[PDB]
Structures are given as structure tokens and as C-alpha cells.
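Chains A, B, C, D and E are the protein sequences, given in the same order.
Under the numbering used here, think of the first position of the first sequence as 281, with each following residue one higher.
Under the numbering used here, think of the first position of the second sequence as 1114, with each following residue one higher.
Under the numbering used here, think of the first position of the third sequence as 2, with each following residue one higher.
Under the numbering used here, think of the first position of the fourth sequence as 4, with each following residue one higher.
Under the numbering used here, think of the first position of the fifth sequence as 11, with each following residue one higher.
Worksheet: the structure to be examined is printed underneath.
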Amino acid sequence: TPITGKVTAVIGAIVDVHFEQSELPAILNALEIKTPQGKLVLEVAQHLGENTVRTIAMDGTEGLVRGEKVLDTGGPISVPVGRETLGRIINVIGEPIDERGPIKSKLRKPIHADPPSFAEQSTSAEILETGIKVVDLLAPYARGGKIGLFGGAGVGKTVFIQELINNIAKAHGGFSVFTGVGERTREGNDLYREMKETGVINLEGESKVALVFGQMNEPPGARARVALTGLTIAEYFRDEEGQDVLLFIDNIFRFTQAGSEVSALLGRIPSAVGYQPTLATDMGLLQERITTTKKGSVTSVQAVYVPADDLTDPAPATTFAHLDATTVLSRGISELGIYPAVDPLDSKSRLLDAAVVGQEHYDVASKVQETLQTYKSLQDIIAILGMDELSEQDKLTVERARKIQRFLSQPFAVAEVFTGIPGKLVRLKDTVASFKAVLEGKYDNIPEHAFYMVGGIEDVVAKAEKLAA
Amino acid sequence: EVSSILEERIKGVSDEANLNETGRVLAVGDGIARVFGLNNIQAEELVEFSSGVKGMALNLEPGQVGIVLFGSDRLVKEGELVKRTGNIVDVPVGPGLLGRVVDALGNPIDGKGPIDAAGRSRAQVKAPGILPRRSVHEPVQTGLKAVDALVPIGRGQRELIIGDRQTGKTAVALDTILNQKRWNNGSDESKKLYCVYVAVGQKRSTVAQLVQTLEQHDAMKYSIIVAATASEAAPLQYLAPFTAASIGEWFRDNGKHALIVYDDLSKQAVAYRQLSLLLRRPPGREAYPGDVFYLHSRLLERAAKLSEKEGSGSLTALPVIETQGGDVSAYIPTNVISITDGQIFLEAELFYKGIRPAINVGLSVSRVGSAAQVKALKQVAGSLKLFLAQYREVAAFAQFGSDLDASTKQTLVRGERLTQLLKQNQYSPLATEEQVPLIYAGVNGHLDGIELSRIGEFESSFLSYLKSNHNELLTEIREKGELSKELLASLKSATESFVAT
Amino acid sequence: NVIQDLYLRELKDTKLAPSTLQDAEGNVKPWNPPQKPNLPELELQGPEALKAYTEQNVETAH
Amino acid sequence: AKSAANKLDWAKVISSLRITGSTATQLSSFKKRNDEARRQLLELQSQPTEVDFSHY
Amino acid sequence: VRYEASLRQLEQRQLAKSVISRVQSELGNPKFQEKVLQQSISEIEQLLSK
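Printed below as a string of C-alpha cells:
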């Protein structure tokens, strides 16, 4: 609504406006300050009374002159949704930053949208196999699920997601949303190029993927509502189109982090580690706007930049709570050179059950877990005294486990450049078989190096021959 | 249709309000409103903001009374009038809550029509006094043999399930609920525990899976599910355990026995933290406000075995606290540990080791002890504690791998078999009448001989064998609940007979 | 008053009646009744097999 | 019934052990076990053979 | 049954938008004047009854 105001304060990117008329926009309304930098979009976040709101600014605030005229756009920012989104990279505002000009708008929807109700929930049970051995063996995914990754971001974390895109999303087909909060601009450009190359984006034709990209150069405040914008695009697919989607979020640490930055400026008493007090609510709301309703099933992949790789940090901790499966990837396992670097004793899925994937799968997994846990248990003893000073029975276990550890590496085709090894995807049925044999020590008689950086059991057998020469 | 009747009801709400207290919103933001006015205002009062948002009031200041919204502030706006409900927060309490999922304000969120409520009650209700309490003497069997044996559950007891994040954390509790099917299905009202599962801070999908699991085992026909999903307001989350407690009290008051699982209180603390810090209350220790102990304690002390003059009522509680990184010295875990009467420490390493359910028996205590342990089960598991304790000591020495003497290896061999005996399949509790034999066998060392690998096979077979032959014996274990000389001899003979299979 | 006016006018003047079955059919599973899948047949009729089995099967040791 | 058939079945398996040969006896037993186990699981599977025209 | 229940909800939200249309009609009319007089006199009766 045309409500003039003046800019009382510009304390960071948290401008405060003072409306001069007694008509006052409500909280989560949006305002445009028009400048020679065009509109700057701000969003009301507090009412501080005396006709003075305090607004988060979703665009950079450098150059603002106090008292500058504001005009209130009214209500939450309305992005444009449709299938016309597919084949666009859109800014937080909704601007087509892939410069395919104005997006043909159908319905433009408010960024803030209440999460669907308890009644609307529909529980999954699907098996989604990625053909990644470690994923398949340890913690199978499911369609509609919330998948989770933890560790250093784009230190292999980004690559993991890229492998997932490469596998899952061609098979899945249909709508898919990639939303990248605070990602490295060059990496995003690579993704854009790659997507166009793999035709998922075909700009000449139609694209069955849409993209939202928020660069890490984008101001902290902008980054906060990149996520909400992406979720709206997803909701249009989930609800209105009613076709199964995909969603990628990288990193949802950036969502939390962005909030913590603005929180201080906003005027909140800092909570532990310095995180915003509204950390629990904001994360909660976000993670319940990503869900599988009876209307539609949205498989989501969420990437958590764990700061200093401390899981005990409250922001990663509260993330762990809202995920349906996680596959924490550890720097230590990275040092061991195992790519994928998923920690095998720190993965879980509610889909790993002896009903869900059957007793035989579960039994296979049980033995892997036990073997590896023993190996972890004897790590102290191994270091202090030689392995020869361990019990003979234990030495068999240790040798088996060393083999299992090496076996778990699966070359990835997206990482084909980096590894220099052509990637291989191994069937879920094949994976269970391969591990079963190894657990029975069938192929335990050939070097650890044979198991190192190679795919399935058959490949190992062949690789023994290669080494033997 | 249905619409015409609904519109008729809507037309049927008229009649002017006299709004004896008003106040104008001014500082509002962060979902925490502060209104100026409200000269009359009870503390903890529920105030209806004119926008269809209701918010309880937790800070009364000589300027601006701080009313914490139960809604989102995107429907609130500056300078609104607020009308005091004139009732401190209250919930419908009744029998109809059985088989219903309800949100904090008692709206069925499973939408199985309006709650059949026999009363309303208030969120804060003072705990049962010293005088109206009688000592616990009523077992509660969780159907997890390790739990029953090591840390027996009774009625009116508070025992804290503590351990690392969602290590089937919910599932450990869920098993208890599931085993209460055996008595619950039964018509013995003196063994009827109506079960209230309280879920705070969990996403709607998690809750939905749980209620589905409960429906799968058809246990929802005795369950009440109080939920406060993570979407729902931090004030509503804070209020959520206390309104669950009152719902429990209706059962307790009726004298009917019940059990309330408070999963997870750790998220209540986060909620209270948010609430307090945006009520601008001075930051407490570890940022959790310093009166969290009082908050949690008052909640926990309302489960008790009421006196026989109070009709032997008993709400039983099981709090559940997630330990972040297993930090047992953290302020919130420390506070809860003190309040409770037991610890049921779950250890991640032992989970990975494949001891599921995973219990670090040294960090698990039941300070309310075997006064609530089944008399038969006390006899059989008498030296089980000693054996396990010896096993722990022996295991430590064994790590060094020095050539162990035969006495140490008697323990070691016995201990290994015991550990395998404890293990049980998740989502499949076992009948106590048929857990007493298994412990007899183990304690009377028959299994010590039997090879570790085939212990699992033996267990299955032993039960089948007892079902085949000594089903007269099993009936007696249920019926007489104390192993007499005759039962001990019968059982001894049966086990001996089954040694070679 | 205003409540009554709003109620009266809206309810009275706006009447709906359920949609056609054809549109409904689109939104639901239609069903065409399952057929009989199989009619079983005689179990290895003829003594050709039988005579073979009687003669062939012995497998007794010395 | 099905148990009578199976009692004779399993009794003969351990009888066929007694005298020489049993090379194809267990295959006969196996066919009978398979389909006998199928019909009992069928008979327990048995839904009401008609819709709820009362309730539904 | 599933579509039938859905159709009842659909009917209700359809009829909801008709309430919005009716709201615009009431506030347009000099019912906007006349019911304000009704409210005014009702407040006279009510507050005098205090």
C-alpha cells in the first residue's frame, strides 16, 4: 500500500522506517525503497511503535540517505510460480538472473506460507536407491524423504550432492528444484553449465528443472529469504501441479547462519554460541514447509556446513533433529582417502529396518556395523601396541574390517575428474550380495589395495588380477 | 449441507462484550507482543488479541504487560486491542482423549471430531503432597527384559531415559507403550495403565509415523497422543508438557493408573529459553533461564502413587532427555538427573556394538529399586547384577589381553552369553512370564556352556520348547508370580532337559 | 444484526449442489470387475509318467 | 486336516531315512508342504468376499 | 469416499469465496450506513444497561 515513510535508521542491513501516516503495514509486509540502484526490497520484522517499524533489508543498503522516501509494497514478497519457472535462475526477489527476460507469471505467491497440517501429512515407505554402495548398504533413501549431509561444505560435500543429482534426477524425471543458499558463484555457474549440458535444463526446449541461486556474496539478509523463496517454488509443484518433485538445499547452515547475523542487529539477547533465540522456530518452520503431503511427495536433500566440524554446535544439532535420514561425512574418513567420505558409524535412516529392506539386508548391515565398531574399538590398542599383540581371533576381525573400509570406496563419475577413475554405480541387489560375500570372507584372501578405490565385488576380483600382474 | 448447519452456528454467536480490560499493542515482534494497559490481568492469563490470536501472559510489568502470542505475528499488528479471556490457561480433560491426537489447545489434529471431555483443568496444578502418597508396590513391565531386570519400573516413579540423539530414542520408549498392550487388552482395571505419549518438538511427519506405528500394533485404542510439533509456537511448546500433565491427572484423579512419556524435555528447555530471552529475562546458566530447574521439577513431581485414601491413584512418568554429544555435565541434563528417580542411560557405542536395546548398565540406576520388580523375576535375576558387574570388571582386564586365569574366563564366558541374552528385537517386546525362564537359564548357568553364536537360536527354541512342554509351568509363572520350590524345581528340570536341546 | 444480515444473505442466496458422477469418476478409481484368471487342469494325466516312476525309482543299497 | 496330511508327511521323511533310498521322497514332501502352506496362508488371508454395502 | 470428502471441502472453500463477494456487497451498500445506526443504538441500549 502507498505508505510514505522516511528512513529513521540504517543500522546495517536492518533499516528502520518511520511511517508518517497512521496506516501501518503489518509484520512480514514488504517495502520498496526506490533508489538509483532500483528498488531495494525490505521486509517488516518488528513493530517498534510510534509508527516506526524496523525492517530486514533483503538487498544491500550501502548508499542509503537517512530520511529517504519509502513506499510499502504491502504483504509478503510474491515470487512468480508456474512451470515457467523451470528454465530460470531466479534471485531472492524473483528477478530472472539468467536473463531470459520476464518470467511468464501465472500465480505469484507469498514467500511466507504456513506449513501443511498434521492431517495433510502422508508418510513415505518408498525405497530410493542411489546406486552408491555406502548409501545403499548403510542407510537407504526413500522418495519424499529428507536426506542429510554434514561436514565441510564443498570440500566434497558439494560433489556428493552433484553425484546425487546425476543419479537420482534423471531416473526420477518430472519437476525438480535446485535451491542453493549462499553457494560459491563459480560452482553455481558450473552447475548451470553442467545442467544445460546434461539437458535437464534444455533452454532451446523445456527444462524439467528450475533453479534458485543465492550467492554467498549476497548480503546476509538476502540469504535468509533465498530459502523461503525456493520453498514456494517447490510448493507450487507439490500442491498445484501435484507431481513429485525433488529439492536440493545447500547449505541449510547458511539459513541458520544468516539468521544469526541479522538477529544481533535486530536486537535480540544472543543465545548460546551466539545463535538467534528464534533458531528453533525458524528451523522448525522451514523444515515443516518441506514435507510429503497427500498432495505430493518431495524428496529433499539438505547439506549442513558443520562449523569446525563440531556436531555439538547448536545449529547443526537442531538440524539433526529435523532430518529423516542423515549420512554424516567425516573429515577423518576424508583423511583416510575414502571418497565417499561418509562416516559409517554415524549414518542413520529410519528406512534401515529388517522389515523395510528385509531381514537379509538388515543382517548384512548388522555384521558390517559390528565389524567396524570392533575395529574402532581396537584403535587405541592398535596404536599403543602392534596388531600382532592383538588376539588371533581379533586379528581376523581387524583384517576383515580393514578390507571393509577399503571396500566401501566407490568411484563416482561426477568425481571422475578428481578421482581419475571412471565411476561405477552398483545395484542395490548387487550391493547386498557383494558385502555378504566379503563378510563371509569369501574374497578375503586378496590385498587391501585390491579393495581400495574400486567398485563391486566382481570388480574387486578383476582388480586382484590386475594387481597380480 | 454441513455448511448450512455451520453457518447457523456462526450466526448463533453474537452478544456484545463489555471488554473490561483493553490494551494497545505497541512493541510487538519476535512473536512476543507487549501491550500497554490491562490493569486487571491475572498472571498466566490467556488473552485474546483482536485478530484471532490468543496469547498467554507471562510478564506483568508496571508499563507493558508482556503477552506471549500462541500464534504468528503476521496476523498481529501494532495498536490492536486485546481482551482478557479471564481464564488462566485450561484444557479439556476427559476419557475421550483416549484414541485421539490433540494439539496443545486440545483441538483434535487427527480430526476425529470434537474431544469428549468430562472436564477442563488448569495447566499448573500443585503436586501430590507427602500425606496423599503411598509407597510404590505396583510393577510396570516394559517387556524389555534388560529394563525389567536392571531398572524395574513401578507406578508413580520418574525415570529418565538419557542418551545420544534419536538412537531410536523414541523407540526405546515406544516399546514400553507396546508391552502395555498385554495388560491393557486385559480387563484388569487394576492393571490398566492408560498411556499418554507426549511429543514435543518433533516434526509432523515423525509424529505421523509414530501414530501409524501405534495403529499398526493397534495400541492407539488406549493411547492419548499429545503433540506440539516444531511448527507450533514456542509458547505452545512451553505450555505443552504442563497441559499434558493435567490430561494425565484426570486418569490419576479417577484412581486409574496411567503412564505419561514426556519425550523430549530437552526441546522444552530450548522453548523456555527462547521464551525467556524474548521476555528479556536475564540470561540463565548456559543460556537456559535460571528457573528451568523449577519449571522441570514442578512438571515432574506431579506423577505419583497416591495414597490408598486417594484410591491408590498413580500417574507414572518417563521423561526423555537427549544428551547433546553425551554431555552429562550440561546444565539441562544435570538438572533433570537430580529431579528423577532413575537413569536409563543409553550408550551409542553399545548400540553400534549391536546391543540393542543399548543400556550402559553402570550408568543406569533405579533408585526406586526392586520394590516394583516382579517377585519371581527378583529371585531369578538375583545374581544377574553381580554377574554383569563382574563381567564389566573382567572385560576391562581382558582388553589388556593378558593371559587370563580360569576364574576370570568363567566370568568372561558367562558374561558374553548374558550380553547376547539381553538383546531383543526393536518393536517386539516379550512377555514377562516368558522372560522369567530365560533369565533362570542364564543365571543357573545352563547357557554359559551353550556356544555364543547359537544363543539367539537357543532362546527362540527354548521358548518354543517351554511352549510345547512346560506351558503348564508358564501358566504358573504368570499365575503365582513367585517361583515356589516346586516351580523352581520344575523350571530347573525343564532347563536341564533343554541343555542339549 | 450485521451477523444476521451477512448470514442470511450469503447462505440463502448462495446454494451449491454436488458435482456430476462423470467428473467424480475422473477423480476416483473406476473399477471394471476382475475376471476369473485361471481354470486348473488334470494333474499329469496318463500312466506314461507313472510307469516310468514306478520302474525307475528304487535307489536301495546293498 | 492339513496337519493330518503333514503328520504323515514328516513321519515318512524320518521313515524314508530308515530304509535305503529317500532320493526323491523329500521332493514329494516338498511339493505337498509348499502348496499346503499356501492354502493355509490363503485361508487366513481371506477377506470378506463382498464390500460393506451396510457400512460403506 | 475419498473424493466425496474432498468435494465437501471444495464446496466449503468455494462457498467461502462467495462470502467474500457478499462482504464486498454489504460494505458497499448504505447498509454500511444503516447498520452503523443499528450498532450505534445497540451500544446505547447496552451501555445504558451497565
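Every residue, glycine too, gets a C-beta built ideally from N, C-alpha and C.
- With a 10 Å radius around the Cβ and a threshold of 16 neighbouring Cβ atoms, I4 of chain C comes out exposed.
- The beta carbon of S50 of chain E sits no closer than 9 Å to any beta carbon of chain C.
- According to the DSSP secondary-structure assignment, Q1177 of chain B is paired through a beta bridge with B:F1149.
- Exposure of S49 of chain D is indicated by the presence of fewer than 16 other C-beta atoms within 10 angstroms of its C-beta.
- Secondary structure note for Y1335 of chain B: it is in no alpha helix (DSSP H), with a DSSP letter that is neither H nor E.
- Scanning its chain for C-beta atoms nearer than 8 Å, with the 5 sequence neighbours on each side dropped, one finds around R1213 of chain B the residues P1221, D1223, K1225, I1228, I1337 and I1338, in chain order.
- When the five nearest sequence neighbours on each side are left out, the beta carbons in the same chain lying within less than 7 Å of the beta carbon of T598 of chain A are those of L559, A560 and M563, in order along the chain.
- Inter-residue distance for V415 of chain A and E409 of chain A is about 8 Å (C-alpha atoms, whole angstroms).
- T288 of chain A is positioned such that its CB atom lies closer than 9 Å to that of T332 of chain A.
- Here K1593 of chain B is exposed: its Cβ has fewer than 16 other Cβ atoms, across all protein chains shown, within 10 Å.
- For the C-beta of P19 of chain C, the chain E residues within less than 8 Å are, from N- to C-terminus, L17 and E21.
- In the displayed model, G510 of chain A falls within a helix according to three-state DSSP.
- Annotated three-state conformation of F715 of chain A is helix, per DSSP.
- By the neighbour-count criterion, in which 16 or more other beta carbons inside 10 Å mark a residue as buried, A1602 of chain B falls on the exposed side.
- As DSSP reads the structure, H327 of chain A sits in a beta bridge with A:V333 and B:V1141.
- Within chain C, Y54, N58 and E60 have C-beta atoms less than 9 Å from the C-beta of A27 of chain D, given in sequence order.
- Distance from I513 of chain A to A490 of chain A at the Cβ level is roughly 6 Å; contact confirmed, criterion being Cβ atoms closer than 8 Å.
- Just so you know, the alpha carbons of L670 of chain A and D1454 of chain B end up roughly 42 Å apart.
- With its beta carbon at least 9 Å from every one in chain A, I1373 of chain B lies outside the interface.
- Around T315 of chain A, the same chain offers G343, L344 and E348 as residues with beta carbons nearer than 8 Å, after the five sequence neighbours per side are excluded.
- Not flagged as an interface residue toward chain B: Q43 of chain E, since no C-beta distance is shorter than 9 Å.
- With a threshold of 9 Å between beta carbons, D1128 of chain B makes no contact with chain A.
- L546 of chain A and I294 of chain A do touch by the CB rule: their CB atoms are close to 6 Å apart, below 8 Å.
- For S629 of chain A, there is no enclosing alpha helix (DSSP H); the residue is part of the beta strand (DSSP E) that begins and ends at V622 to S629.
- For a cut-off of 8 Å, the C-beta gap from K1124 of chain B to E1161 of chain B is around 21 Å, too long to register as a contact.
- Residue-level contact check: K1196 of chain B does not touch chain C, since none of the beta carbons of chain C fall below 9 Å from its beta carbon.
- Counting only runs of at least 3 residues, the segment 1259-1291 of chain B fully encloses the following beta strand (DSSP E) elements, listed from N- to C-terminal order: 1273-1277.
- In terms of beta-carbon proximity, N33 of chain C stays away from the interface with chain E, with every pair separated by 9 Å or more.
- In this structure, B:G1269 is the residue among B:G1269, B:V1148, B:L1543 and B:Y1540 with its C-alpha nearest to the C-alpha of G1482 of chain B.
- The segment 1581-1596 of chain B makes no contact with the segment 22-34 of chain D; the number of CB pairs closer than 8 Å stays below 3.
- As DSSP reads the structure, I662 of chain A sits in no beta bridge.
- The Cβ of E44 of chain C sits no closer than 9 Å to any Cβ of chain B.
- When the beta-carbon positions are compared, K1294 of chain B and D1376 of chain B stay at least 9 Å from each other.
- Counting other Cβ atoms within 10 Å of its Cβ, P691 of chain A reaches 16 or more and is therefore classed as buried.
- In this chain, the alpha helix (DSSP H) harbouring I1452 of chain B covers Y1444 to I1452.
- Rounded to whole angstroms, the separation of the alpha carbons of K1369 of chain B and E1302 of chain B is 7 Å.
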